[PDB]
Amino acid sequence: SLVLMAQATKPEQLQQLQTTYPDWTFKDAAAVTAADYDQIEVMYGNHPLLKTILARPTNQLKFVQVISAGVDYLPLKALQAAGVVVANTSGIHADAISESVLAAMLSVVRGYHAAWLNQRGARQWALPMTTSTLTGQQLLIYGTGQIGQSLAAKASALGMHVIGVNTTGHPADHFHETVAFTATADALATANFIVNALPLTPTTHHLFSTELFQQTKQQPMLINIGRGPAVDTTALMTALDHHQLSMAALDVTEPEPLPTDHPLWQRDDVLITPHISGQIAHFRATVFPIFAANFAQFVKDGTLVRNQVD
């Protein structure tokens, strides 16, 4: 019956909740009272009452949603003993950046980019191109950190085959296969999409350049959400010129900002976005949908859908 609202919400978030769940009380932690305690089944945000409530062998707490990635000082043993499920707020930035990559890939293969050139052009009722789907294609990602892995998870759920490149070719969550930097020739030959998500180091500078491009055989699309200088701008333009690559999307450039007279801008086969991929809204706006989704599922069947903490 009661949710303890320890995290503040926009008035509108609270309204959604109260009308979507007219049999639930969403109680501001200021106005709570000890008569409420055994009523609280869910907590949005960690709060001092967590301790009080768990002390009562008559509490009914079932789900705590914390609003930061850190679960350290939480009474882990009590929560497990009482069977309380907990979720946190990780993956937010990495989720947005992954959506930007999917966006680049989908707008190309589903024909939105070509359709737009058509709409600003001849406005024919057909495109000069054949559409294709992500399902069934190969995605090669350099960087198997948190970002690489969240991109992998989404692509994989969309039916993509996902290969990742890291130092020693060790395993990583959601990637179907991983390879070491020295071991990439085969993955480069079968890739439909190559995504750079690496940090800049001295040995990954101009990593995307003539030799790399020449090892590709499916005329893949190149996407850069790493750093500008990973990619040799000149080699890139010539790889596109000789159809070694079909398309590029760069959310970072060398130099950056990309000056307005740079020839990259004038291409129809390079989509420049001004380093936006990782920009997310304010915490109030990103954290609440996490709770709203976990609570809807909790209400439906007692389980969580996002960021369940083990």
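One-based numbering along the sequence shown.
Novice: State which stretch shows the higher mean Cα B factor in the entry: 217 to 225 or 72 to 80.
Specialist: That would be 72 to 80.
Novice: Can you tell me whether 280 to 288 has a higher mean C-alpha B factor than 267 to 275 in this record, or the other way round?
Specialist: According to the entry, 280 to 288 carries the higher average C-alpha B-factor.
Novice: Whose C-alpha has the highest temperature factor in the PDB entry: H161, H206, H93, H113?
Specialist: Highest C-alpha B-factor among the listed residues goes to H206.
Novice: Using the entry's values, work out which of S100, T167, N88, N118 has the largest Cα B factor.
Specialist: Among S100, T167, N88, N118, the PDB entry lists the largest C-alpha B-factor for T167.
Novice: Just say lowest, middle or highest third for the CA B-factor of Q124 relative to the other modelled residues in its chain.
Specialist: For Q124, whose C-alpha B-factor we compare with every modelled residue in the chain, the answer is the middle third.
Novice: Among the chain's modelled residues, which third holds the C-alpha B-factor of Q65?
Specialist: Its C-alpha B-factor belongs to the lowest third of this chain's values.
Novice: Can you tell me which third, lowest, middle or highest, the CA B-factor of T130 falls into for its chain?
Specialist: For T130, whose C-alpha B-factor we compare with every modelled residue in the chain, the answer is the middle third.
Novice: Sort the modelled residues of this chain by their C-alpha B factor and say whether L188 lands in the lowest, middle or highest third.
Specialist: Ranked within chain, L188 CA B lands in the middle tercile.
Novice: Taking the chain's C-alpha temperature factors as the reference, tell me which third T9 falls into: lowest, middle or highest.
Specialist: It falls in the top third of the chain.
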